[PDB]
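J.: Sharing a structure, written as structure tokens. Questions coming.
What follows draws every value from the coordinates through simple rules; no lab data is involved. Heads up, the Cβs are rebuilt from the backbone with ideal geometry, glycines too, and the neighbour counts pull from every protein chain shown.
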Amino acid sequence: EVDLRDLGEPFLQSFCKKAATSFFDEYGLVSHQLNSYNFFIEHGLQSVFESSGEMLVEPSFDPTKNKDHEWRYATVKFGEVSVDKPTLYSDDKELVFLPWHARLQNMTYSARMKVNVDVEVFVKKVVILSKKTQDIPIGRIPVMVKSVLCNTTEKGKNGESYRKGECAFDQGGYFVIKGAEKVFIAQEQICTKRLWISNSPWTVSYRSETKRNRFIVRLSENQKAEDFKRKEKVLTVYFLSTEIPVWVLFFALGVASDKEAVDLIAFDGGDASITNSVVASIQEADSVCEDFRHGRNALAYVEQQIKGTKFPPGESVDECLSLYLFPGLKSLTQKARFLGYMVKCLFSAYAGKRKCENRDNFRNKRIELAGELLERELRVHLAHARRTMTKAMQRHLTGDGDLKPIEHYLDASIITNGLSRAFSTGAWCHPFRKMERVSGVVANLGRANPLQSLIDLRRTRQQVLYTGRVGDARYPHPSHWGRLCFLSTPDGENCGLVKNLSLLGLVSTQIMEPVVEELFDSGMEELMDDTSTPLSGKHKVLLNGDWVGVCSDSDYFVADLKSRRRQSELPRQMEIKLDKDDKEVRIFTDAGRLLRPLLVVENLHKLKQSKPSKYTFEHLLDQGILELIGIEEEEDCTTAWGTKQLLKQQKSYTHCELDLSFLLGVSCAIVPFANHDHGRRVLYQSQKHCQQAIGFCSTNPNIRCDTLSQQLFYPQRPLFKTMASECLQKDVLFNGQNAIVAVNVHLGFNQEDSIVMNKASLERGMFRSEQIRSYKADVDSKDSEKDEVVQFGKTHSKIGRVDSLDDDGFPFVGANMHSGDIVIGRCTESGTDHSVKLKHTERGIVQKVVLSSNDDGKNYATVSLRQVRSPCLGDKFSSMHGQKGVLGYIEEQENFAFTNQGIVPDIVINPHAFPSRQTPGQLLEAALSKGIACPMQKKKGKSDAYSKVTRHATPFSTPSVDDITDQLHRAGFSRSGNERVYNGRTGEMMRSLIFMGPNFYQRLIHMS
Amino acid sequence: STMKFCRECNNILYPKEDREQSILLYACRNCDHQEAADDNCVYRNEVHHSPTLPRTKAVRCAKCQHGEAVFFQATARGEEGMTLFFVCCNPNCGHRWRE
Amino acid sequence: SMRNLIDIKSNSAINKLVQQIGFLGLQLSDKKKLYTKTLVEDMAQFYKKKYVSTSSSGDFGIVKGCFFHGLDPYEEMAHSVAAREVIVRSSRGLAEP
Amino acid sequence: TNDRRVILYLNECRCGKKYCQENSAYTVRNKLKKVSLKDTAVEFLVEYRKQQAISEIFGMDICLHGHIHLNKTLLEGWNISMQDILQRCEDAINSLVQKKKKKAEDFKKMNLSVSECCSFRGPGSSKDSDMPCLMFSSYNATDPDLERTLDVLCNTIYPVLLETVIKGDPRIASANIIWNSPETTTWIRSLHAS
Ligand SMILES: [Zn+2]
Ligand SMILES: [Zn+2]
Ligand SMILES: [Zn+2]
């Protein structure tokens, strides 16, 4: 089987199709949103609250004895956190709470958090209710739909999935915040826990997002520039102040002598500039302190951490602070070696042997989804809650009054209002500076298509840092291959900053269950506990930017690690990175990389030997035929472009991609012939025109009370097929109808990108839409302040037009509301009208009346009007190729050119549109669909005569011209695509042959 | 300049010369230890740096049928003063001819 | 038909038709001065994607294919950075007139 | 930088000397194109030894001898002599201490450009002394008391030796010979029809 032929291409392409459809069966398309929110609820919520023990020193007074410091210093600490499923907390048997209740009643679909606090303040250091505090209300957190907390997920398909809150098209990765549908956008951050090499002052850097006391080593600063000084290394600012030279921090950590610190760095030898730099470093070192003499003669110069600091890092500023550098390292004999490694990296970057860190290369980037953002916001508002609480505990010095420890001091409304303003306002906390705000986060959720929701749920965003040489921050970088999309993007204020996650892209979540001990079983000798210098030229194995060991012959070691991962013995979300030049191995167990699956070229190919008729995706990840691969790991892999012929030409490949059209986004991958069009046209189609086309809306329109719902009558699917539309099996990814298009000059009405339809086709229902708009009002509870009562009524004294209103204040359910009437009777008892009225351009038949309310009685009213529109002489349409127009002339049927079968076109466009705009994909699509839908003669004998029919216009793997033209020759038509017509006015033969054939067109919103 | 180290303290050596015998000797600064030197160079730098010539495009070459032959000023061993020569930037040329 | 829909003389729309019957041409250079030199150097490096594994003929930035016969994914990406740069250039600024 | 360019036309034909035009094109560049010392160097070696007996000065003011080695092929390529380097270095170091600068380099030596010093290069380079010119000394601190604090003062005049010009005008930033095609496709001219 080592040839890998004899199980050839119809087997392998079938396997790729089955694997891709099983992929979408297991994961779906909103998988990352749900995984990050679920991870937050399962682990990170309890992980946030473990902060401290809440001491309280109560500094008020000391003149007298009865106001000494004799009242007890308190103590209290958090325990478990318990989160309910969301309920509607009414008295008299509280009720279960659903997202459609939240939308129609204008409330927040939120759940209650209860914390198991313990308090054991007890008078024994003067010169208890750990129990009865099991359930303390601490804020209300909102709940994602389809989460592990939403009540619409416990039943799979037909137990009770039909509840009253569902659509068959909805998959639900959104929120509901006071009646509105919110959605996070994925942010983009730098990958910390990695060394970062600048070059303007040469300042190699050990970042840490937590532990805001962490340092950089800078070599390109001389402190003066008079004649010139040699570049010497100063370990610059270390505790947000306090520069030190490098050698004081060597002999503070207990280096024995020199020539081991030169072997700790261990540069090339020679390259005078390096050794001149280090001897200048020593000569700068002894000029500021006489070091290396005692255990305190060098360590005593680490002295600026005491007073010359401006910010003394805690109490006991001594060797206790030596667990503020490098906490992942455990003793000083490794911290000295890691300092030597940092300096070796800096010296290797100076001589042009290691390239500096390119920021816009996406292996240096971690994407923050909803979990980390909720982490950040909740930490901010919890810290404010802790301060507000401890200021409240201190007001009861030396006299109790109200001492019940809980429910008198811990206010839930603080965290409640905080998390509400975070979603509603957009005032999102900055990831670095803990006082300011950022904005380009949670937005609204579009509903015009069911494709606009998919596009709106899969987006990632680079922020604007400063417009002085952003660099390549809006241009596709070769690390986007297979992960983000390199064709579709917005244009305008944020062109290229908001990027679309691809089809087969996935986002890693976290890896728990620590794996330091798991690496020993393939190599991985352990790191020593002394300088000495026994370290050879053996390779280095880092774990999240941390020395945990050293191995040799790594070409076998990473092979064995990948072999343990493919046998489901190491976790699946772990990248194995073998850097052969820098002599280094990196292992990632990180939260927020970008993963995608690939075919592993096995040497046995179990698919031949077994052949079941089913393949679950959990099953194919056990046999190691597929494999989740990140960006780091992929550049060590030579991957073919498909089983088509390309994995059969050679065997120099170690992987294969499933199919090449999965490089694109969710909306760009379904466009026929998409690599034939100019890139600007595909950007148009896949960012704006697909998001605007009129088509499917929902499968339960009785509950969606929103402004301007729209829908066609007869939606369709295209005649052709693409790969992604077949593996997804959503016909809601196509919103338009299969028009027949002929390119010909009309009388002058289709000039300047204008189109001409057929009136007979318009009268049989084609492109007939239907819109529904909703009108809303509100009034206080019933009688309370918690006259200006504008209670919904009639007010019979004939203010405006009241021909259709009933006594309740609202019309009836069959009315024919006119150009300008009264639509809601919101009038008071005696004063003038506050009633809502129609403006100049809204009218239509009443569909339903919905009357809901809020907790404080705030009664809500909803009236929906319905209209039916046929497309008028000012409306806009478009093809699948960014070729849009305006309907300018509606023509009667018997004047069109007709073929010998009597076929008439439905849309006629101008042939001056094609040689300039460079879209031959529309002509190829028309010829393909015309070759599909026609019959096939000579069917008697020798064949079933309908089996060699091409229906696949997959983008990067498309049928040739000879296939299409020989299909049109088989179907009976002319090979050039044309067709002879006769005129509808003179009736004789038009001299020029006309190009006809079906095309999927679209109808766009903002009609006029 | 290779670094040198002390045999007692293993710190870096500092070059230091007393003119009693006209001799160079490396000294340590840590304890008191001194010894006699071997080399000569106290310092070594190798400072750094470890086409923008005019081209024409209307003259015949020898091998390739191109117009280009980059011309720069030279003074060869059989030449005199200011002389020009013509070798095409194509590596097929390889030949240097006089006018 | 092609003699009669296009103005033969104009340079503006006579290369557009060679971009869809002939070949595209030079999609990448370092003189299209909005994307930096680093993008050019690692797009030149990224020609390891079956272009060094199979070939060294042609060059990065040169597309031997046309719109009508289709673009295989590398030169599609190169054409995307070119069209993206034209969008950024003709989109930004423009308040100087 | 638009305020600094000057285009120069050169049309003195002679009619039939056949490449007198292109010889006219480049010699006027040669009088103006700037070359320096810092570009043709390779290394820099100060050394107390090897000139202990060459130090003949009665009070022994002379101990350190900083070589600045060149590369031969660029010094032999552009027809740059070695004695004119001595000329242009000595008069510059005189005419800049005559300028009110300091009294740090008043006793500069600037000995001779020899093209073969000695079998040098203890630290590994392994060449055979090809233009090791400008083997100066710096006896300004007469009877040098401290060896190391005097070596740094032999590294405050190595830059001003590097930054000198050899052949060409000091004021010229560049000069370029270009554009053998005066037709209407290029920039604005004063005449070219001919
Ligand atoms: Zn010593
Ligand atoms: Zn030749
Ligand atoms: Zn020399």
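J.: Those residues that are farther than 20 Å from A:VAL237 by Cβ and among the β-branched types (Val, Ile, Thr), I need them from segment A:280-335; list them, please.
T.: Residues satisfying the conditions are A:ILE282, A:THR333.
J.: Moving on. Looking at segment B:69-99 only, could you name the residues that are among the small types (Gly, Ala, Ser) and away from chain D (no Cβ under 11 Å)?
T.: Of everything in segment B:69-99, those that are among the small types (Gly, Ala, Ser) and away from chain D (no Cβ under 11 Å) turn out to be B:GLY78, B:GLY94.
J.: Only one of these conditions is not met by A:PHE673: (1) out of contact with any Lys or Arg (no Cβ under 7 Å at 6 or more places or on another chain); (2) on the phi < 0 side of the Ramachandran plot; (3) not hydroxyl-bearing (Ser, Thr, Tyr). Which number is it?
T.: Single failed check for A:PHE673: (2).
J.: If the Cβ limit is 6 Å and pairs must be 6+ apart or interchain, which residue in segment B:44-73 that is more than 16 Å from B:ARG96 (Cβ to Cβ) pairs with which residue that is hydroxyl-bearing (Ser, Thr, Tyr) and away from ligand 2 (no atom under 12 Å from the Cβ)?
T.: From residues that are more than 16 Å from B:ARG96 (Cβ to Cβ), the pairs are B:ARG44/B:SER1.
J.: While we're here: Just checking, does segment A:674-690 include any residue being assigned to a strand (DSSP E or B) and either in contact with a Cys (Cβ under 6 Å, 6 or more places away or on another chain) or surrounded by fewer than 22 Cβ atoms within 10 Å (Cβ to Cβ) (or both)?
T.: No: segment A:674-690 contains no residue that is assigned to a strand (DSSP E or B) and either in contact with a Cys (Cβ under 6 Å, 6 or more places away or on another chain) or surrounded by fewer than 22 Cβ atoms within 10 Å (Cβ to Cβ) (or both).
J.: Please name all residue pairs, on different chains or six or more residues apart, with Cβ atoms under 6 Å, provided the first residue is in segment D:134-151 and is surrounded by 12 or more Cβ atoms within 10 Å (Cβ to Cβ) and the second residue is of a type in the set (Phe, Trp, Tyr).
T.: Hits for this filter: D:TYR139/D:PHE107; D:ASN140/D:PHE107.
J.: Specify the residue that is farthest from ligand 3 (Cβ to nearest atom); the eligible residues are those in segment B:8-53 that are aromatic (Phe, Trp, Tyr) and over 25 Å from D:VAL42 (Cβ atoms).
T.: Once the filter is applied, the top-ranked residue is B:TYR14.
J.: Just checking, does segment A:939-952 include any residue being closer than 25 Å to A:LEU1004 by Cβ and over 36 Å from the mean Cα position of the chain (by Cα)?
T.: No, segment A:939-952 has no match at all.
J.: In addition: Looking at (1) farther than 19 Å from A:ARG218 by Cβ; (2) part of a loop (DSSP other than H, G, I, E, B), find the lone condition where A:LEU374 falls short.
T.: Only one criterion is unmet by A:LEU374, namely (2).
J.: If you don't mind, there's one more thing I want to ask. Can you spot a residue in segment A:237-246 that is within 14 Å of chain B (Cβ to nearest Cβ) and part of a loop (DSSP other than H, G, I, E, B)?
T.: no
J.: Another one. Identify all residues within segment A:247-298 that are more than 8 Å from chain B (Cβ to nearest Cβ), over 48 Å from the mean Cα position of the chain (by Cα) and crowded, with 19+ Cβ neighbours inside 10 Å; write none if there are none.
T.: Within segment A:247-298, A:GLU284, A:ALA285, A:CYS289, A:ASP291, A:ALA298 meet the criteria.
J.: If a residue has to be within 16 Å of ligand 3 (Cβ to nearest atom) and out of contact with any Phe, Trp or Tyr (no Cβ under 9 Å at 6 or more places or on another chain) to count, how many in segment D:57-86 make the cut?
T.: Count: 7.
J.: Would a scan of segment D:6-28 turn up a residue that is within 22 Å of D:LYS167 (Cα to Cα), out of contact with any strand residue (DSSP E or B) (no Cβ under 7 Å at 6 or more places or on another chain) and either among the basic types (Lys, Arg) or at the interface with chain B (Cβ under 10 Å from one of its Cβ atoms) (or both)?
T.: Yes, that holds for at least one residue.
J.: Wholly within segment A:543-620, which helices (runs of 4 or more DSSP H) include no fewer than the required count, namely at least 1 residues that are under 29 Å from the mean Cα position of the chain (by Cα) and surrounded by 13 or more Cβ atoms within 10 Å (Cβ to Cβ)?
T.: Those helices (runs of 4 or more DSSP H) span A:554-566, A:617-620.
J.: Additional query: From the list D:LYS127, D:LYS167, D:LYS108, which residue is away from chain B (no Cβ under 14 Å) and surrounded by 11 or more Cβ atoms within 10 Å (Cβ to Cβ)?
T.: D:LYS108
J.: Could you pull out every one of the strands (runs of 3 or more DSSP E) wholly within segment A:849-965 that has 2 or more residues that are surrounded by fewer than 21 Cβ atoms within 10 Å (Cβ to Cβ)?
T.: A:860-869, A:884-891
J.: Same structure, new question: Please indicate, with yes or no, whether at least one residue in segment C:23-39 is surrounded by 13 or more Cβ atoms within 10 Å (Cβ to Cβ) and more than 17 Å from the chain's Cα centre (by Cα).
T.: yes
J.: Residue check: is A:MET55 among the hydrophobic types (A, V, I, L, M, F, W, C) and either surrounded by 16 or more Cβ atoms within 10 Å (Cβ to Cβ) or more than 30 Å from A:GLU375 (Cβ to Cβ) (or both)?
T.: Here the answer is no, as A:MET55 does not meet what is asked.
J.: Using the structure shown, decide if A:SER316 is more than 43 Å from the chain's Cα centre (by Cα), within 14 Å of chain B (Cβ to nearest Cβ) and assigned to a loop (DSSP other than H, G, I, E, B).
T.: no
J.: Within segment A:136-160, count every residue that is in a loop (DSSP other than H, G, I, E, B) and either surrounded by 14 or more Cβ atoms within 10 Å (Cβ to Cβ) or of a type in the set (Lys, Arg) (or both).
T.: Adding up the residues that qualify gives 13.
J.: When only residues in segment B:1-57 that are facing another protein chain (nearest Cβ under 8 Å) and among the aromatic types (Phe, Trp, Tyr) count, which is farthest from A:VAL262 (Cα to Cα)?
T.: Among residues in segment B:1-57 that are facing another protein chain (nearest Cβ under 8 Å) and among the aromatic types (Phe, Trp, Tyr), the one farthest from A:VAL262 (Cα to Cα) is B:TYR43.
J.: Next question. If only one of D:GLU56, D:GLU43, D:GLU47 is over 16 Å from the mean Cα position of the chain (by Cα) and facing another protein chain (nearest Cβ under 8 Å), which one is it?
T.: D:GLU47
Quick grid of which residues meet (1) within 30 Å of D:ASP143 (Cβ to Cβ); (2) surrounded by fewer than 16 Cβ atoms within 10 Å (Cβ to Cβ):
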| site | (1), (2) |
| --- | --- |
| D:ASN30 | no, yes |
| D:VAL42 | no, no |
| D:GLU47 | yes, no |
| D:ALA53 | yes, yes |
| D:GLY66 | yes, no |
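J.: Only one of (1) buried (at least 20 other Cβ atoms within 10 Å of the Cβ); (2) touching a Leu at 6+ places or on another chain (Cβ under 9 Å); (3) within 12 Å of another protein chain (Cβ to nearest Cβ) is not met by A:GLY630, so which one is it?
T.: All conditions pass for A:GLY630, except number (3).
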